[PDB]
Amino acid sequence: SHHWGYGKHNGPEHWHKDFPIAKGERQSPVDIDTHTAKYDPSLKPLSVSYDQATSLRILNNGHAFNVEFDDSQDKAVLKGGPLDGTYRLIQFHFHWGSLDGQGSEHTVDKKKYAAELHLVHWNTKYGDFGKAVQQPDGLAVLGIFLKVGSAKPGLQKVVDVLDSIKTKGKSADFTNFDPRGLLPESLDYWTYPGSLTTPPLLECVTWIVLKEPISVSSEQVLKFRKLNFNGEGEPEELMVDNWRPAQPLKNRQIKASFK
Ligand SMILES: O=C(O)c1ccccc1O
Ligand SMILES: [Zn+2]
């Protein structure tokens, strides 16, 4: 049967047939043109409070892998930056390429990074994630670019569990993972209003994209590329190039927290 994905017959250019909002006015990702983004001195520093984070499980969902968190309390939250109120971390995942020259969803002056990390948070004033994705300020996604260079020590625990979730539908216990080990040194950022980048493509996201990439080693991103989109017992299709390309910016402003 048919299902959305990243192949020739079901990739991003097809998604609008199943999810018409794919051609909407607030779609993500976008290219970040650094000479059009404006420094906004009213933006606050981003406040990342992850000290009490409780990771639970890691899941291969047939499109990427999600590291899931306990979001029943304000244990891992994002405040400040462009945001009003408190946004709770629910999961993170990545998008990556088949080659080091592509894989990111956002681009910076058309530059593609090897991968992009998305830490997904929902606005606590809406009570749960499902209600938050019915609201224009329901979600905040912290996006972090990955370039290939030196290894990221805080990523290695993720890399080493991937063999146990090779195929679609597999999950593994994944407790005591500290997402602070995935941050770069600087929290300077760009921000703009956008959407989820996979179906259902809902236009609920305040994007916060960090200026500084993290470095990961070639071996680390190689292990991402050994995952499978297919389920166990089906023919192997490598999980690579699970990124949506840049979408039209339309009426939107990208702001910078730094100059
Ligand atoms: O980030 C996405 O594209 C996404 C899609 C569906 C559900 C949760 C999500 O974070
Ligand atoms: Zn994503």
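Every number for a ligand or one of its atoms is a count from 1 in the order of the listing. If you read the sequence from its start, that first residue is 1, and numbering goes on from there. Worth knowing before you read on, the calculation uses all heavy atoms, side chains too, and leaves out hydrogens, waters and symmetry mates.
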Classify the ring geometry of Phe69 against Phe92: parallel below 30°, tilted from 30° to 60°, perpendicular beyond 60°.
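Ring orientation, 0 to 90° scale: tilted.
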Determine the interplanar angle of the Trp4 and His63 rings, folded into 0 to 90°, and report it as parallel if under 30°, tilted if 30 to 60°, perpendicular if over 60°.
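Ring orientation of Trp4 relative to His63: parallel.
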Look at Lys170 together with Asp163 and state whether they make a salt bridge at an N to O cut-off of under 4.0 Å.
no
The residue among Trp207, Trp243, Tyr192, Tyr113 that forms side chain to side chain donor-acceptor pair (under 3.5 Å) with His106 is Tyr192
With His95, the side chain to side chain donor-acceptor pair (under 3.5 Å) member among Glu105, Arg244, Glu116:
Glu105
Taking the Zn ion (ligand 2) as the vertex, measure the angle between atom NE2 in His95 and atom ND1 in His118; round to 10°.
100°
In terms of side-chain heavy atoms, does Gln102 have a donor or acceptor partner in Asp241 at a distance below 3.5 Å?
yes
Set of residues that line ligand 1, where lining means a heavy atom lies under 4.0 Å from it
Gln91, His93, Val120, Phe129, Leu196, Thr197, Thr198
